[PDB]
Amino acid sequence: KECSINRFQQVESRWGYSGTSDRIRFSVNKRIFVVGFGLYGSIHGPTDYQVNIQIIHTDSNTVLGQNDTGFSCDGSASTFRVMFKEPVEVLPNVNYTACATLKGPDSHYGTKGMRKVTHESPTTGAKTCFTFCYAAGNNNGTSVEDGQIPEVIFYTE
């Protein structure tokens, strides 16, 4: 029942980390539990990252979930799972801010990013539509069209 959605259609190189969080805002049209993100990994390997991930309620800038964690990686253009300590419940049509601060070597990054991207249950046809929006400032250059945080890993309700 663990799902994921990737908002990028293509993968390029390379993206650098110097201490600034990659951030993207999103809202969902249906209630979900986010359990983590998929993040792009290094250009060369083997190597790894420390990574701090967070989900913040946008309107108040209050943290709902946060985890200082890590992942290791091989140089592929694939995405790597980094998990929150517990599920964060995301309510319909509330704006949330996803943060990942990677500390590590240069990575791949996503291109041709999508504003809207829909997950559809193969069992019921129920649609879970994600809308992504630009997180202005303090985002390591990440946007709706390019950058980090390709994937949200979640369960539907």
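A residue's number is simply how far along the shown sequence it sits, counting from 1.
In this crystal structure, the stretch out of 40-48 and 111-119 whose C-alpha atoms carry the higher mean B factor is 40-48. Look at the C-alpha B-factors of 49-57 and of 86-94. On average they run higher in 86-94. Across the residues 100, 129, 32, 63, the deposited record lists the maximum Cα B factor for 32. In this PDB entry, the Cα temperature factor of residue 137 sits in the middle third of its chain's modelled residues. When the CA B factors of the chain's modelled residues are split into thirds, the value for residue 5 lands in the middle one.
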